[PDB]
Amino acid sequence: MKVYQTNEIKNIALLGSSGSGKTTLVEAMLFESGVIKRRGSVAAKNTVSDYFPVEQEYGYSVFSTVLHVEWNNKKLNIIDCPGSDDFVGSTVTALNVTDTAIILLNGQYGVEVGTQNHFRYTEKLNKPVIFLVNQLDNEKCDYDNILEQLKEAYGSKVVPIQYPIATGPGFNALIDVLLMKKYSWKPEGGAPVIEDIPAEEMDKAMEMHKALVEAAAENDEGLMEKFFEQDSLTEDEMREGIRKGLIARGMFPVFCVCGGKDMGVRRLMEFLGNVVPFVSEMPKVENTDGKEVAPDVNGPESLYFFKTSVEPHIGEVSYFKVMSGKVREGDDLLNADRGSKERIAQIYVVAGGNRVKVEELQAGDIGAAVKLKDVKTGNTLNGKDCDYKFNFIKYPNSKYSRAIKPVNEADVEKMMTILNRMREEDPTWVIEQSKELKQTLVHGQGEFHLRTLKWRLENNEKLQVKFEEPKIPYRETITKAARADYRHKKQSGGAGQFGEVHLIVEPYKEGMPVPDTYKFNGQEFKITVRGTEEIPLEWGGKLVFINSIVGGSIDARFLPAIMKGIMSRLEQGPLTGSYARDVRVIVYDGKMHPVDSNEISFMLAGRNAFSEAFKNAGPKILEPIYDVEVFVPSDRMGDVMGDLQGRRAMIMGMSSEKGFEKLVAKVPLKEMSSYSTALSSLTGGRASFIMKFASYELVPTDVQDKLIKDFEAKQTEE
Ligand SMILES: Nc1nc2c(ncn2[C@@H]2O[C@H](COP(=O)(O)OP(=O)(O)OP(=O)(O)O)[C@@H](O)[C@H]2O)c(=O)[nH]1
Ligand SMILES: [Mg+2]
């Protein structure tokens, strides 16, 4: 409730591999700061962070939780990312908002594949990294090995700050380097018995202290001058280097903490409030107009909303971060996107699932608000003097897609509303409503990511849903030139409705002009350029209606009747009932009755004539393909290439980058239906791929035959 200044706040986001001790460490930090009363164990299913229903039934974190700990004149805006693999949507969301990332390492395991994955996100976003070793009570541990495992993984910038005397359940003291003191503890935990380093470990402290002061010296030019003068920095002069070094991204500290037994948590909270990048020194964020927005406390107020947790039995809560300015209760704010004139009734400060009414949130601090009208994720709310509108968080591309569908076709509207709300909760649940496919597409990050969406629908809102294979957008085309003739006449009403049009059909490709000669069955037809028209279609492709009526043999105003007739049959498609594309149509000769021919006469004449041109020509089916850039380790490069060779892929590139590689391919979309599941199995969760549409190409005939037989099988049900 106590209003915190700009210099007294600081943003941290917890990262690390799954099952490393992030949620449990959060519980200890809140307990030692007095936010909660008694610790709740993850087995007891009463933790502060994992307060969601789905997040409890699994037993591990699903949604990152925003929460704070009050310490000595410093407030920490900790965000506890889930740390899994299929929930990286919330990891990038929290890592853009925050200003420093702490990576947790499991002592028993060491540097897992989850640790490697998250550290790549920090490199992408240029965020500080502090390595934090946890779970030191497991006997299957060796702190020397953990640094040894990590020393080659990342550069020599890594320097330790603490080391335990000995691991195992008997661990109750760890020798520090930053404060040159040994911190003993009791089995209950929470009571740091500060005590000067013993004689045996006195030898081990100096060289790392010499190493530690050396690491912080090079970070700042001024501190290097102090190194020459005094040859040693004791407490605070070397603390400034870590501030700049983390900004410089050239110093990764290593810690020790037992989150299970609350050993070092008080020391951990003291460190972060002591030396991390400030909200001011962190590289300023810029809005969509290029203005380098700075964390100015006195500037205009601007709310950025990034999380919209709608956890049941509490209500819709929309978290926000203030990029600049300050927020008083009962202020006036304008929605940058679709301005609804929102008035924040009362702001809140959030500590997991528990909120406390507060009267002010200075710039660069995370907050919360409840019961808003028209605020969605990504909407920026700001004052009337400035029209700031932020868009700087780019989520990773989709990696797995299924078409959701209710068990009964009566709750479709309800399922639309729920999915929209959950897309608001997690923006990575990309939903596209394709009219051509006539299906509700759900996009995520893997097979497991969409299963979590299913579970929330099944339990929280009591709606049954199922995931089905998504339809494929197929396009028709033709191979070789051909033609046909057709004539029409009907004398059941008034006029004869006479219509006869001879037209030539051939594929259209850019760069090749139309010839004036066509060899059809040992006969010659003359084509002249009377009209060059290329109408785009709403479903992609092109249509060319080159006309060659000889000087006015047929009426020169009756062409539009054929125009709508062709597209009527072009939309359907004879081979598979799908849209066609890239066809150049040549119309030259026809027979026209002087008075009995109207628009409907030629519309039917053109339509039926065009329909029969395909089966005399060569029809084909086009399969969309996606450019794929698989980031794969060198160890499993061979197995990944083989699988692509089973996907009818095309090897195009081979990039040797660090320990990993980078593979380029053009894999058909149908073969990419379930690749994220398959790629993880082959590699072991150490690879990622990116899809990118690259137009339609043809298919081998065996694929073509499979489609046509299935197409008629559905029609037989009538
Ligand atoms: N041996 C040992 N185990 C611990 C310690 N602290 C926590 N654990 C266990 O480690 C497990 C890891 O659980 P979490 O910390 O909740 O997992 P997380 O950090 O939220 O990451 P996710 O599993 O992806 O959600 C928990 O079930 C704890 O029981 C510890 O100090 N020593
Ligand atoms: Mg977790």
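Numbering (full-length UniProt numbering), first residue to last: 1 to 718.
Every residue gets a Cβ at the ideal spot worked out from N, C-alpha and C, and that includes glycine.
Annotation for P53: the continuous alpha helix (DSSP H) segment containing it runs 53-58. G618 counts as exposed, since fewer than 16 other C-beta atoms from the protein chains shown sit within 10 angstroms of its C-beta. Close CB contacts of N73 within its chain, under the 7 angstroms cut and outside five residues either way in sequence, are with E8 (chain order).
Taking a contact to require three or more Cβ pairs closer than 8 angstroms, the stretch 83-97 and the stretch 24-37 do not qualify as touching.
A Cβ closer than 6 angstroms to some heavy atom of ligand 2 marks a residue here, and those residues are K22, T23, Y60, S61, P82, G83. Taking a C-beta distance under 8 angstroms as the contact criterion, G89 and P470 do not qualify as a contact pair. In the three-state reduction of the DSSP assignment, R686 falls in the coil class.
If you check the C-beta of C258 against ligand 1, you find a heavy atom less than 7 angstroms away. Counted as a single uninterrupted DSSP element, the alpha helix (DSSP H) harbouring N96 occupies residues 88-97. For secondary structure counted as the beta strand (DSSP E) over 3 or more consecutive residues, the stretch 9-54 holds these complete runs in sequence order: 9-16. Between the alpha carbons of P295 and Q572 lies a distance of about 57 angstroms.
One thing to note: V159 has its Cβ no nearer than 8 angstroms to the Cβ of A205. Taking a cut-off of 8 angstroms on C-beta distances, the stretch 123-137 touches the stretch 249-269, as three or more cross pairs fall below it.
DSSP places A484 inside the beta strand (DSSP E), whose first and last residues are 482-488.
With a contact defined as Cβ atoms closer than 8 angstroms, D643 and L682 qualify at about 6 angstroms.
For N459, no beta strand (DSSP E) run applies; the uninterrupted alpha helix (DSSP H) run containing it begins and ends at 447-459, by DSSP.
The beta-bridge partner set that DSSP reports for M263 consists of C258. By the neighbour-count criterion, in which a residue is buried when 16 or more other Cβ atoms sit within 10 angstroms of its Cβ, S302 is buried.
Secondary structure at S156: coil, using DSSP grouped into helix, strand and coil. Scanning its chain for C-beta atoms nearer than 6 angstroms, with the 5 sequence neighbours on each side dropped, one finds around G531 the residues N547, in chain order.
Within the DSSP bridge table, the entry for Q433 names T440 as partners. The three-state reading of DSSP puts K706 in helix, counting H, G and I together. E55 and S41 have their alpha carbons spaced roughly 14 angstroms apart.
Taking the CA atoms as reference points, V279 sits about 18 angstroms from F306.
In the DSSP secondary-structure assignment, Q162 is bridged to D176. Taking the Cα positions, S64 is about 21 angstroms away from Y400. Taking 7 angstroms as the cut-off, the C-beta of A294 does not count as close to any heavy atom of ligand 1. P192 and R267 do touch by the CB rule: their CB atoms are close to 6 angstroms apart, below 8 angstroms. Going by C-alpha positions, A665 is about 15 angstroms away from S673. Contact between the stretch 678-692 and the stretch 638-658 is present: three or more C-beta pairs spanning the two stretches fall below 8 angstroms. Note that the stretch 380-397 does not touch the stretch 417-425; fewer than 3 beta-carbon pairs, one per stretch, sit closer than 8 angstroms. Exclusion of the five residues before and after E195 leaves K181, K182, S184 as the residues of its chain whose Cβ lies within less than 7 angstroms of its Cβ. Taking C-beta atoms as the reference points, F545 and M567 fail to come closer than 8 angstroms. A direct Cα-to-Cα measurement between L179 and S340 gives close to 53 angstroms. Of all C-beta pairs linking the stretch 460-477 to the stretch 104-120, fewer than three are shorter than 8 angstroms, placing the two stretches out of contact. Around the beta carbon of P164, 16 or more other beta carbons lie within 10 angstroms, which makes this residue buried.
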